[PDB]
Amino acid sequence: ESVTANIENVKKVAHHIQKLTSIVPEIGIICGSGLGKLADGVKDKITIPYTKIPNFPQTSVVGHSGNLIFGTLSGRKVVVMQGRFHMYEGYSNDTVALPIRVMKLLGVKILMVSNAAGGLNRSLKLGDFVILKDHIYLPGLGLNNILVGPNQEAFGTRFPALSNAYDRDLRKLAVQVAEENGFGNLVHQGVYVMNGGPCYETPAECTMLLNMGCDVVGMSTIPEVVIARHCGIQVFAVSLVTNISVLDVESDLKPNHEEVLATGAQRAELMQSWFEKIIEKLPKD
């Protein structure tokens, strides 16, 4: 359960960070699939390894620490989160929650997140961007909701509503930007269902998920979104369709993370460009 994502600990992390950068983030960006280049494209960047932030949860990519990247992107002050805390890795709720709440105290108003997901919706193609317009939080329905435990009233209410969790205006903007930049055809909106993971969904599971009205399935993101919505950060989330979910037990096609990475790699340039352009048009200063 790392350090409790309470106001005390979150403030402490926040203040440590504020020592290290003069950048007050307006936008938090959770680097998921296809956003690896975005991270690297931050201007006047300050890079703060998780290992350099006391009480910040620790995650590593093959022994390399995740980083907090501060700077501007499309003229906007941002904090890019490079290194996420997936529940399938065993991370506790407080661990996932803390970075988001730190973002809150840091000044973040809008969280943008990407992920890789399997396309349940049969109209989806590989490489499609599915803007999350809603989610089904299977772990949350089953008592693994990231918010289970004492509510941190400092951050939000005991029973947050998740109405407009995926800010409809941000979604309208994102679609708009895709349309204007000639890749609206790649952009869909859909329901993202979280499979706790880390197993890919079996065909029966995919078939069930599809029947439940899920468009894409992934193993991430929702808990972050919940914490974000809980503390009043607006959320924009896109799933990169990194594979078409197999609904048929007899198919020899099988999901594999290498192809997920491949699709993320191939769509990273467009996704970055898209996020940069969305950000450029975020209504403010």
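Residue positions are given as counts along the sequence shown, with the first one as 1.
For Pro57, the fraction of other compared entries lacking coordinates, among those that model flanking residues, is zero, nowhere near a third.
In at least a third of the other compared PDB entries of this protein that cover both flanking sides, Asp252 is left without coordinates. Relative to its counterpart among 276 to 284 and 2 to 10, 276 to 284 has the higher mean temperature factor, C-alpha atoms as listed in the PDB entry. For the pair 82 to 90 and 127 to 135, the mean B factor over Cα atoms is greater in 82 to 90. Which of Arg158, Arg122, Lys104, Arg171 has the largest Cα B-factor in the deposited entry comes down to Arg171. Of the candidates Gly218, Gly232, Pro57, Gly28, the one whose C-alpha carries the top B factor in the deposited record is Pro57. In this PDB entry, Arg76 carries a Cα temperature factor that places it within the highest third of its chain's modelled residues.
Per the deposited record, the Cα B-factor of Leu253 falls in the highest third when ranked against the other modelled residues of its chain. Split the chain's modelled residues into thirds by C-alpha temperature factor. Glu205 is in the lowest one. In the deposited entry, the Cα temperature factor of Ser33 places it in the highest third of its chain's modelled residues.
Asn67: CA B factor in the highest third of modelled residues in this chain (values from the PDB entry).
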